[PDB]
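Here the structure comes first, spelled out in C-alpha cells, and everything after it is commentary.
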Amino acid sequence: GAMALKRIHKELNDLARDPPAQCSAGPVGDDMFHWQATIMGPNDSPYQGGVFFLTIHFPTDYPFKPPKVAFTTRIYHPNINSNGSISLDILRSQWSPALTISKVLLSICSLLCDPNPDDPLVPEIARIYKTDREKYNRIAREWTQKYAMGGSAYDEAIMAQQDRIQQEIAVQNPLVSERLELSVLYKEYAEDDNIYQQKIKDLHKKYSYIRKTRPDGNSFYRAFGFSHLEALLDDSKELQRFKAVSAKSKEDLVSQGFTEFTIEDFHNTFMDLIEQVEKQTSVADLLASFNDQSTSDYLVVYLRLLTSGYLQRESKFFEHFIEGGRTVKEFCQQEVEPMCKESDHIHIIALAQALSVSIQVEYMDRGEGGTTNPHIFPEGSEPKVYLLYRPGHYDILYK
Amino acid sequence: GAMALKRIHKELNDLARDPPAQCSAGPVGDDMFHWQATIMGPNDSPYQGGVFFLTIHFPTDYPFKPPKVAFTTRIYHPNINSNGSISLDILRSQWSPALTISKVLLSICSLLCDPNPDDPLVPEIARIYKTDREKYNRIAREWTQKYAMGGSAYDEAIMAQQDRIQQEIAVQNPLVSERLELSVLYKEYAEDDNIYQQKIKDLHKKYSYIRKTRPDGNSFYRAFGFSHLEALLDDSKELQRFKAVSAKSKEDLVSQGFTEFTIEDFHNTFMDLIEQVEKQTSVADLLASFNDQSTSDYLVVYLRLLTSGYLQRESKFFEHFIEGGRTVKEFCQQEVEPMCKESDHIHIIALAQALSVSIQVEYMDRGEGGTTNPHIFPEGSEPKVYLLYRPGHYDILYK
Amino acid sequence: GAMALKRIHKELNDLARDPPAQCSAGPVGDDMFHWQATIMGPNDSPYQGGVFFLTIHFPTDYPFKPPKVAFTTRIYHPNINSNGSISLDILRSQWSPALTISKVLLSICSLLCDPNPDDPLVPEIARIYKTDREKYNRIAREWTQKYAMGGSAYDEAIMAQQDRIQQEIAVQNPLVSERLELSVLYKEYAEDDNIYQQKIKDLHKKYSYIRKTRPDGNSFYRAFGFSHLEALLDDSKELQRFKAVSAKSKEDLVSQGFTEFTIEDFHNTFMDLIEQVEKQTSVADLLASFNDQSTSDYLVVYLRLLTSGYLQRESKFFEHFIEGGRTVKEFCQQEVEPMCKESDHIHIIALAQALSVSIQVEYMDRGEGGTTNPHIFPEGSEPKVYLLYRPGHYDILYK
Amino acid sequence: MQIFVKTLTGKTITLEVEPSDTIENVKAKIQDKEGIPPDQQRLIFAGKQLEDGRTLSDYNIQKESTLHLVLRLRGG
Amino acid sequence: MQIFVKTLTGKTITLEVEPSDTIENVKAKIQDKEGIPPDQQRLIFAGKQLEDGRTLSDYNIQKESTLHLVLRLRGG
Amino acid sequence: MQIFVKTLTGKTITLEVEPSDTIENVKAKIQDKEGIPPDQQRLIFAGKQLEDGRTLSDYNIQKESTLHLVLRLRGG
Amino acid sequence: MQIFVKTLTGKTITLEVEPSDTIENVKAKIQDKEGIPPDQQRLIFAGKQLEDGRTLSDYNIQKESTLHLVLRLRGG
Amino acid sequence: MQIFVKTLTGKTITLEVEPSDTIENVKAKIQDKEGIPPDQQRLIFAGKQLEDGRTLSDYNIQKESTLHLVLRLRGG
Amino acid sequence: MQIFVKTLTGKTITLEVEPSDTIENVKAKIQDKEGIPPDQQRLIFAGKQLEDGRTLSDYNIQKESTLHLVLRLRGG
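Here you go:
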C-alpha cells in the first residue's frame, strides 16, 4: 500500500541522520523499492579492502514482509551462496515489522566479521571455516582481490568519499555567506601564526569587508560570479555591454562545437541571474538566488564552459603554457569543463579575457613582509572586482 | 504509451481472477513493466520439484510488441539456452496483440512437459533428447537439484503458499465480524460431535453473544484489541488510566532498546484507535475502523511489541518457563515480535500484566463433562473482557 | 531530482532526431533512469557482426555526475574488464555536465574500432594487443561468435533495424495524409518511366483525388479503415447496418476462441471511431483521429483480428488456397494476426466478406496498355470504396 | 482434357485446354474468359504454386481436378 | 474418515484417517507416501496452525475437509 | 518427598507426592488442588517439557525443586 | 543503374544493376559479395516489402535510391 | 605536530609531522605505513585540495586537524 | 647567454643570466624586473615544470628560447 512507500522514507531518514561509514545504502534513482548498498570489507577480516555491492528489493507491502537482499558481488562466506543470497534469518523466519534496514545491513556487516559456520548456506565453506582456517582466509582474500577489489567498483566508493566530504563541508560553509567585516579572519587563525595575522592586518589596510565561498573546488568561479554580478548592480552601460557578450557567448560556443540543447540549460540560469541584476534587486535577493544549490551550480557550470570556450579559441596563445604534455582541449576536458576540479592562473586569465573584464586578486601566503600582493588582470585595467587568494581557496573582498 | 501501462493492469486482473497454480507471475514493487514469475517443474518430468524463476520486461509500447521473457534460473532444455532465453516463437515471430501473458507462460509450462527438439536453441540438448533419453532425464534432474532445488529460492514459493492461504481465509472470514448470538456455533459443528454441542449448550449458559476473528495467526491479539477497546467505551476512569499507560509504553519500549521511528507508526494507530474510544464512537464505527486492514494490522503489531517489551522487562520471571532452550529475547524474536506467529499462554499473561488489565478466557475442547473452563488472568481480578478458546483459535464472547 | 528526469528527456530527444545506426539506446519501459543500448561490432574489426548489449543507470542528480554504463555482454577488449565495466574516463574523471549520452556511446563505438592499450582495464589483453595481433583478433572473434553472435540476441538488433526504418519512414510519411489531387503522382515518378505515366494518365481518367497511407506493412488495413469509415458519413442505413455487425463481431470472435479482455481494448477503439461517424464529424476530424498513433494502430489490430476470425470461420473455403503447407490457423498466426505483416488477396477478400461490404481495387504495375485493372470484391457489388494498388503498397482513390 | 479453376470471390470458372500446355497460355485463357491479366495471376494446385515455364502434365495436374486462383495482391 | 491435504506443488493428496487420530499420526501417514519427515511437515486447517499432539475431532476437521501442508524446510 | 509448582499467573502452588509417580497422576493432583484438568496442562522442569507416561525419578526431579506450569493455549 | 543497400551493421554496400533487373537478381548480386543466401535475405525500399519476382522499375526505385537489407535468419 | 588523516575505509591514521613539513613529505610518511604510493595519493583539508610542494603552515592545518586521503587509483 | 620569458597576461619579459644558474636566482631576477615573488612563481620550459634546485644547463635550456611563466594560483 501507500503506507509502504510512506515507511521507506522514514527508514531512509533514519539511515540519513547517522551515516554508517562501512555499511550504507540508498534508492536507485526514481525507484524507492529498489535500493543498492555498498559494503566495505571490515578490517581484520580476509574481506578487508574489497567493496561488496548488494541489491535490495522491498515488498509491495512493507514492513509486514522482509526485504529481499542479495550480494551482486561474488564472495566467499559459509552463509552467502555463490548465487548471491544471504543465510541471515532475520530476512526469513525471524523478521519483525519493528526492524529498520539499518538493523539488517549492520547485521550483515556483523556477519562478515564473524561468520556463522553452524547454519551454512554452503556446507563446504563452513567445513573449511571450522577446520582449516588459513585456506579459508587466503581463498576469501583472492575472492576479494579479483571480484571485489577489481577496478571500477572502487570508483563508486571513492565517489562516496567525495560526497561524504563536501556535504559536511557544506554543513559548515554555505555557498555564498553574508557580507562580514574581515576582522573575523583574525579569529580563524592561530596565535603561533603571527605572520598570517600580519598579512591580515595588512588586509584590513585595503579592504573593509569579506564574503566567503564554500570550498567545493568551484571556489573561484562561485566568487567571480557573485562579485561581478553585484558589481553590475551599479554601472548600467557595463551591465548592458555585459549582457550582450553573454547572449553572443551561447552560439559562440555552439559554433565552437558544443552541443546546444545541453548548454542552453546553463545559459538560461546565467541570463536569469543577469535578469535580476538588470532589473535591480537588492544585493541580498541576489545572494538568496546564489545560495540556491541548482541556480548557483548551473552558473558555475557555464563559467567553466566559457573558460573552456575561450581556451579552445586561443589555443596557440596557451598550448605551450600548459603544464605537462596535454593539448588545450585535453586540458579543458581534464582540468576545466568538469565540476569541482581546481582552478588555476590560466583559468582566471581565460575567463577574464573571455568576458572582457578586469579582476583584482589579493595573494597572501607566507611572504616575509606584511605584503599581500595585488594582481590586476589583465594588467592596468582598473578593477571594480576584488578577490582574496588564501592557498587552495578563493573568497571576495570589499573596499 | 499510457495505453501500455493501462493494458498491463488488465492482464494482471486476468491473471488475478484465476490463479494458475504452477505458473504464476507479478510485478516487482513499483515497476509495472518489470515482472517476475515463479514456475514449478511439472510432475512426470525431470524438472519436477525444482523452482524456476524468470524475469519479464514489457515493451514501452504494449501490446504491439512481445514481452521479453527469460529464465533467471539455469535449466536443461533444448529450447532454453544456458544463457537463459527461450526459443518459443510466440515471443518473436508469431506474436499477436490479442495474447495475454497468461498464454505465454502457460505455453512455457507446456514447453516443459513437452519439449521441442526440432527447433532447438541448443542443438546438443535437442540431440540428447532425440537419441538417449535417460541421459537427458538424469541431467535435467541434477540441473534441477543444484540450480532450481537449492535452498533459499524455496522460501518465496513457501511464502506464496501462505499468501494463497490466508487471503482465501480472508475471503471467508473478515477481520472482525459482527456481533452475533452464539447459537450460530451449533451450525458450525457436526451431528456426530455431541460432546462439542454439549460444550456449546453450556456456553449458551454463560454468554449471550459472540464475535469472530479471522484465523490469520493473530487471532488472540485481534480479539484482545477489539474487546478491550469497546470495554473502555463505558468506564471513563479506566479509559483515562489506560490511555496514560499507553503513552508511557512508547518511550518505555524505546528506553528498552526498540528503535523509536519505526514503532512510532504503530503507536499512533494504537492512540488513534483509543482516540475514537475517548470521544465515544458507537461500537460499529470502531468495528469499521478495525476491519480496515492496515489500521487493524498496525494495532496487532504494536500489541506483539508490547508483549515482547514486558517479556524482556521481566526476563527472570519467565526464562525457565520457556519451552525449549531459548532465551527470553530469542523467544521474543522467534515467537512474539513477528506477524502471524501463534500466541500461547505466556503471550496472554505477558500482555495482560503489561497493560495491567484482567481477561477471562473460556476453554472448550474435549473435556468429558459439559465443562467449559473459565480462566481469569491474573487471578481473582473480575474480568470485564471475555474471550473463547477453541483449539487453535480465539474469538470473543459477550455476557 | 526533477531537473534530472527533465534532462534525460532532452537527451532522448537528441538521440531521437538522429539515429546513430550502429550505436543506439533507450529507456526500459517505465524507468527513465534505466537505459539499455545495443551496439553492433563495427566492420573491419574482430567484433563485427556480433551484437553487444549494455546497461545504463543515471545518477539521481543528472547531469552533475556521469552515468554508470556497463556491457552486459562479455567481450575481449583491453579497456573492458571481463566483469563488464568500461575503462573510458569521460565516465569517471573527465566527465562534464555539457556531455550527452550520445557523446558517451559514440565514444565507445570509437573505443571498439580503436582500442586503448596504454590505459588497460585488463593488462593481459593490452599486452596481447601491443605484441601479437593475430591472437588478439582471433580471440575477439570467438568471443564474438559465442557470446555476442549467439542466437536470440540477434533478434533485438534486427528488431532495432525495423524500428530504425519505419520511424524514419514515419518521418516522411504520415499515417493518413490529406486529400490531394492525384496529379502529384506524376512528380513521384521518373521521365524514363513513361509506362507508369501512362498508367497515371489513365488514372486521372477515373479518379479525381488520392489519399496516401504510410508504408508500415499495414498499408491495406489503414486505407480500408479510413475509406470505409468516411464512406458511412453519408449512408445512414449502411452506417447502422455496419455498427450492428461490428457489435456482433466481438462476441463472435470470443465465441470463436479469442480471449475477450484483450480484444475488448481494440473493439472500443473501433466502436468509438464508428461513434464519430454515427454523430457526423467533418472528414478532417476523423482524419485527425486517424493520425493518432494509438487510435489508428488499435484499429488496424482489430481489422487483422477480424480477417483472422472470418478465415478461421471459413477454414474449408480457404485451406487449399493457402500458399505453402500451412493450415488456416497457422496462416493466421503467421501472416495475419501479427502487426506490420504484409496483406495479400486472401486478406482483402476475407475482411470484405467478414464485414459484408464491397471494395474496388485499382491495380497498376507494368501492364502493356494504359490499362489499370479494376477489381470489385466480391464481384458485381457496386463499390463505394476505392483503393489503389501500387506494387507493395496500398492507398485510396476518390471519384 | 480440361480442368477447373476456383476463385475465392465465390466463383468457379472453367476452361478448356490440353495436358501438355505450359502455365502461361493457361493464365492467358483465364485472361480471355475473365479478363484479369497473367502478370496479376497466381495459381496453386492443392498447396503448391505453379511456375510459368512448366507444363500441365509437368506438374501432373490430372484433368479432372481443380486448381485455385489468387491475384498477386501483396502489399504493405 | 477421509480428508484432503493440499501441498506446495498445487497437487492434492487424499488420506484415510479416523477423526480420533493424532496430528502426529497424520503427518506420519503423509510421510508414508511422500517421505517428507514429520519433522519438516507443518499442517494448517482453515487458518489454524495444527499441533502435533492433538486430534482431528479437536480442531473440528470433519470428513471431506481440506487442510494445507506447509513444509518448514530446516532453514539457512 | 514432595515438590513445588509455579504458575505465571503470579501464584505458587505446592503439592504432596512420591518420587516414583508418573506425570499423569501429578497433573491430576494439581487438578484437585486448583481444578484445571490434565488435558489442558503442560509442565516444564527447568527447560524441558515432561511426558505423561514417564515417572518423577525417571526425569529425576529431586524432591526439593520446582517445576513450572503452563496451560496449553496454542492458537492462531 | 547504381543503388545503395544499407545493412544491419550500419555499413552500406553499393551495387550495379539495371532498373529492369529482378529483386531475385539483386539478392543474388548481394549474395555474390557477403555470401548471405537470398534465402536469408529480405529487402525493404521506403517502407515497402520487396518481392523476389518483381523488377526495380516496378517499385519505383531509381538510380541512387537507398533500400535496407533485413536478414531473416531462419528462426528458433 | 600531530595530525589525523581519515581514509576511504573509514579508518583513521595518525601522523607525526612538523607544521613546516611538505605535503610531499606527508604523503611520503603515509606511504611509509600503508604503502600507498604518493603518486596514487591525494589529500584534502577542509574542502581544500592539497599541493605536493606546499607546507602545512601554508594551508593553516594546525596540530590536531583532520584531513582526508582520497586515492586516485590510476583510472580505466 | 640570456633567455626570454612569456606571461599569459599578454606580456613578454626578458632577462639576463648565465647558463649555469639555478632556477631560484632566475625567479629572483624576474622578481626584480617585475616584482612577483619566487614563492608565487611557477615556470615551464615547453611542457615541463622546472625545479628550484636544478640549474639552467641542467635542464638544457639553450640560451635562445623561451620559458613560460605562470603564478601559483591553485584554489577551490
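Residue numbers (the entry's author numbering), protein chains in the order written: chain C, -1 to 150, 1025 to 1271; chain B, -1 to 150, 1025 to 1271; chain A, -1 to 150, 1025 to 1271; chain D, 1 to 76; chain H, 1 to 76; chain E, 1 to 76; chain G, 1 to 76; chain I, 1 to 76; chain F, 1 to 76. Note that CB positions come from ideal geometry on N, CA and C, so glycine has one too.
Assign residue i to one of three DSSP states: helix, strand, or coil.
{"i": "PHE1190(C)", "result": "helix"}
{"i": "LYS101(B)", "result": "helix"}
{"i": "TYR1270(A)", "result": "strand"}
{"i": "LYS63(F)", "result": "coil"}
{"i": "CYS21(C)", "result": "strand"}
{"i": "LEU1159(C)", "result": "helix"}
{"i": "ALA68(C)", "result": "strand"}
For the beta strand (DSSP E) that contains residue i, what are its first and last residues?
{"i": "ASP29(A)", "result": "29 to 38"}
{"i": "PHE1249(A)", "result": "1245 to 1249"}
{"i": "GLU16(I)", "result": "12 to 16"}
{"i": "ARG42(H)", "result": "41 to 45"}
Counting C-beta neighbours from all protein chains within 10 Å, is the total for residue i 16 or more, i.e. buried, or is it exposed?
{"i": "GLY27(C)", "result": "buried"}
{"i": "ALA0(B)", "result": "exposed"}
{"i": "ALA19(B)", "result": "exposed"}
{"i": "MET1(D)", "result": "exposed"}
{"i": "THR1179(B)", "result": "buried"}
{"i": "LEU1145(C)", "result": "buried"}
{"i": "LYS27(E)", "result": "buried"}
{"i": "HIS1219(B)", "result": "buried"}
{"i": "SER1161(C)", "result": "buried"}
Have a look at the DSSP bridge pairing and note the partners of residue i.
{"i": "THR22(D)", "result": "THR55(D)"}
{"i": "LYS1084(A)", "result": "Paired residues: none, contrary to the question."}
{"i": "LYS1078(B)", "result": "The partner list for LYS1078(B) (beta bridge, DSSP) is empty, contrary to what the question assumes."}
{"i": "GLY75(F)", "result": "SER1215(C), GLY1264(C)"}
{"i": "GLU1053(A)", "result": "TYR1081(A)"}
{"i": "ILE1231(A)", "result": "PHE1249(A)"}
Identify the continuous alpha helix (DSSP H) that holds residue i and give its terminal residues.
{"i": "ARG125(B)", "result": "121 to 128"}
{"i": "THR1167(C)", "result": "1165 to 1185"}
{"i": "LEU52(B)", "result": "Note, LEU52(B): premise wrong, no alpha helix (DSSP H); beta strand (DSSP E) at 49 to 55."}
{"i": "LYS6(I)", "result": "From DSSP, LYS6(I) is part of no alpha helix (DSSP H) but of the beta strand (DSSP E) over 2 to 6."}
- Query: Does the stretch 19 to 34 of chain A come close enough to the stretch 53 to 67 of chain A that 3 or more CB-CB pairs lie under 8 Å?
  - Reply: The answer is yes - the stretch 19 to 34 of chain A touches the stretch 53 to 67 of chain A, with three or more Cβ pairs under 8 Å.
- Message: Could you check whether the stretch 58 to 66 of chain E touches the stretch 11 to 30 of chain G, counting it as contact only if at least three pairs of C-beta atoms, one from each stretch, sit closer than 8 Å?
- Response: Result no; under three Cβ-Cβ pairs closer than 8 Å.
- Query: Does the stretch 44 to 54 of chain G come close enough to the stretch 1027 to 1047 of chain A to have 3 or more Cβ pairs within less than 8 Å?
  - Reply: The stretch 44 to 54 of chain G, when compared against the stretch 1027 to 1047 of chain A, does touch it at the 8 Å Cβ threshold.
- Can we say the stretch 1238 to 1245 of chain B touches the stretch 1067 to 1085 of chain B, given the rule of at least three CB pairs closer than 8 Å? With the cut-off at 8 Å, the stretch 1238 to 1245 of chain B and the stretch 1067 to 1085 of chain B touch.
- Message: For the structure I just gave you, are there three or more beta carbon pairs, one from the stretch 1159 to 1174 of chain B and one from the stretch 1192 to 1201 of chain B, closer than 8 Å?
- Response: Under the 8 Å Cβ criterion, the stretch 1159 to 1174 of chain B does not count as touching the stretch 1192 to 1201 of chain B, having fewer than three qualifying pairs.
- Message: Within 8 Å, do at least three Cβ pairs link the stretch 66 to 83 of chain A to the stretch 105 to 120 of chain A?
- Response: Segments in contact, yes.
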